[PDB]
Amino acid sequence: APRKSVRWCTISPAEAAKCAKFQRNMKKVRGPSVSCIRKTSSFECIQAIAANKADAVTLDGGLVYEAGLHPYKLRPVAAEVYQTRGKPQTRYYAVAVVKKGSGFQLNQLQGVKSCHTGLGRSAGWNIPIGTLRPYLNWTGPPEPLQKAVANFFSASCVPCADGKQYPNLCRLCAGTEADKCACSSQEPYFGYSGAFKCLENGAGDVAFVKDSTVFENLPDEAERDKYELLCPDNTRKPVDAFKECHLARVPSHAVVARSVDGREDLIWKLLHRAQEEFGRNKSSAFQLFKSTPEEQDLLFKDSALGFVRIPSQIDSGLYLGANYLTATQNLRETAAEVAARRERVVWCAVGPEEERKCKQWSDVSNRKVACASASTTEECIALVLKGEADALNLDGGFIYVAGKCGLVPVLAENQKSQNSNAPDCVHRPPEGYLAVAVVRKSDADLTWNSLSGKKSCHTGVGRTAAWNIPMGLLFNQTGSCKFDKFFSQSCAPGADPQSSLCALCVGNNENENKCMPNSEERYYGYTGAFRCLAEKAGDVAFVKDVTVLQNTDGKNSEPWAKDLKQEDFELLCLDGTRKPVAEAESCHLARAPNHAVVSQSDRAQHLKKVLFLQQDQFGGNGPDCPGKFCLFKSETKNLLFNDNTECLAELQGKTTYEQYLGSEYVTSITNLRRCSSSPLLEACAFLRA
Ligand SMILES: Oc1cc2cc[nH]c2cc1O
Ligand SMILES: Oc1cc2cc[nH]c2cc1O
Ligand SMILES: [Fe+3]
Ligand SMILES: [Fe+3]
């Protein structure tokens, strides 16, 4: 029945004492118990935590990063919330603070004395350094980064630095004998405030700190006017201009925990009670976000408003974002490794069969294109958000998820439409495809209004033609979220493997990976969902009109297809009727947006460039198409892009998922969400909040 205490790791005596005050006040309020373990630096608590010696520790974005690394695999449980000078936020601006009348600019630090929060921290190291990489005249990784800084700065206090090999990096540190350059509050120059005192006490000329630091230490506006900030556009602006004069915007510190059996609910229950009982002016007996004047930021970040629970999918990589990761990862990569990655385009292939095609597209492009892969479409968007992939072609349904995660549509799939197939394609207003309900002519008893308890074949959950358009329509007539109960049994890859929704699925050839939302499931996609119907595993397949058309009348020679005839098939019209597959225009459930390519708004223009080339070489009219590679072809398996794709067209203005998908469909997708929501969609609500 009972549940124990959260073991909090501490890094310095002053920190232990505060913890003790926290353990004392937790039990006196009869709330969750804590315990205090004692290590000497945050990296050690990372170690101490992964080794099940400790359970929690607040880390700076930069250490979150290090802690998420392999051997440790820790994850951010809760994010501290801060000032903002406005609305509270879980982010903050890194600044470089200097005294007025020092004359230099951001591009002149060569030979200046500098004070840092600590080795490896967002604002005190990772961020300033990566900004000065160009002036470091640094070989790259083989040569220790600390050697570059130790030569560039005349003497600095970067705590945690190897002051025995790099004395110049610890020289300015004020500390007793072995306390000097200590990686805890032992060295007075440690942390936001220590780096500030190192400046104001005249040991250093530039302070790499947080936006609040100057305000936390100089409460009187007159004091602050003796100070300024160096802006990356090589000018100086008042300390109050951080929104304008900053090196970068990092994510807030956060409490980390183990990935497996980390006791997340325990920690969270602790901190929640702690904000409620000792948060901002809740108490006087003990204040969570307050410290002793000697050493600041003990345990948490002083004067933080509280914490926010970090959703479960989120790992450090997703926590930090593309931007922060690229830069940290960029201080561990070669100048040539960096510029290579910025020029190529990493595509996220969903599953085995797409990764191979991608591999062919990689080779044939002479590596202007490279690949990354995942088992599901959500995992790929995660890759795109982490910054490990640049794009992927998505269905109207997942444009929504991507779009909710801050991703933008670059170019849209334009099927071999009908007007005048000349250079119209890339400028042809995309026109969409009609999703339909398809059943065999035979079962003539079947009508739209008799689908209840019948078997169903679905392209997949989350997707338009299938899931969203029919489930959205039925949910309007039945008023229920029990989606797995309308159809007796179904195959809809991506569902719960144990539900009726996954019953008719089939998996790959040796029957493995049943219901997996990818090509490994033979019944996955428009192709598979139609097959599901042909091979008589289901009674109604929700697909677009064209799907029946491209797999009947010997067009597809894959065994199950071969003998199929478009006459054997009919569509289920919303008004009870049934028309031949040729009547979709007057008998469809809806008109959906074409799939479209998506990327960060960052790479969309580069992404667009490489794509026009790639598609002119291997597109619908690519010289080397039949020849060596056909981007828009895959033997009916619709890999990477649909097989009837003529080219990738312009968005005609529709630059946001909202404009592209259109109002209705977006509202239709939100209505369905009242029932089910998705882990990515949630994680993205936190991340983009
Ligand atoms: O979460 C905390 C953990 C440790 C690590 C030691 N001091 C700490 C700071 C914290 O607030
Ligand atoms: O129907 C499609 C076909 C393939 C196969 C796995 N990748 C794809 C996803 C879809 O959008
Ligand atoms: Fe920080
Ligand atoms: Fe579709």
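Residues 7-695, in that order, are what chain A shows, numbered as in Swiss-Prot.
Method on record in the header is X-ray crystallography, 2.7 Å.
Every residue gets a Cβ built from N, Cα and C, even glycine.
Per Swiss-Prot, D-glucose is bound by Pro436, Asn600; the candidate from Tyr532, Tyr663, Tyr666 named for the same site is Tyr666.
Together with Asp66, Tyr198, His259, the Fe(3+) 1 site in Swiss-Prot holds one more listed residue from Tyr98, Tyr99, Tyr172, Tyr233, which is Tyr98.
Looking at the candidates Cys251, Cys653, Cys681, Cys690, Swiss-Prot gives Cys681 as the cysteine bonded to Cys487 by a disulfide. A Cβ within 8 Å of the Cβ centre of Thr465, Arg469, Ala471, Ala472, the residues given for hydrogencarbonate 2, is found for these other residues of the same chain: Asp401, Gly403, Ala441, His464, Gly466, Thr470, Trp473, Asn474, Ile475, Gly531, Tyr532, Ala535, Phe548, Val549. Candidate recorded positions: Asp66, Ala129, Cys237. Those with a Cβ under 6 Å from ligand 3, in sequence order, are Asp66, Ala129.
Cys25 (disulfide bond) has its Cα within 10 Å of the Cα of these recorded positions: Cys15, taken from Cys15, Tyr98, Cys237, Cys411, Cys538, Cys681. For ligand 4, the recorded positions lying close by, meaning a CB under 6 A from one of its atoms, are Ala471; the full candidate list was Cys204, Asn287, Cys411, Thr465, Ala471, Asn482. Of all the binding-site residues listed here (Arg127, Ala129, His259, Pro436, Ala472), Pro436 has the Cα closest to the Cα of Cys653 (disulfide bond). Other residues of the same chain near the D-glucose site, with their Cβ within 8 Å of the Cβ centroid of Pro436, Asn600, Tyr666, are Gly402, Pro415, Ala418, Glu419, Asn420, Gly438, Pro599, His601, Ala602, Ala655, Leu657, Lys660.
In the three-state DSSP reading, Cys521 (disulfide bond) counts as coil.
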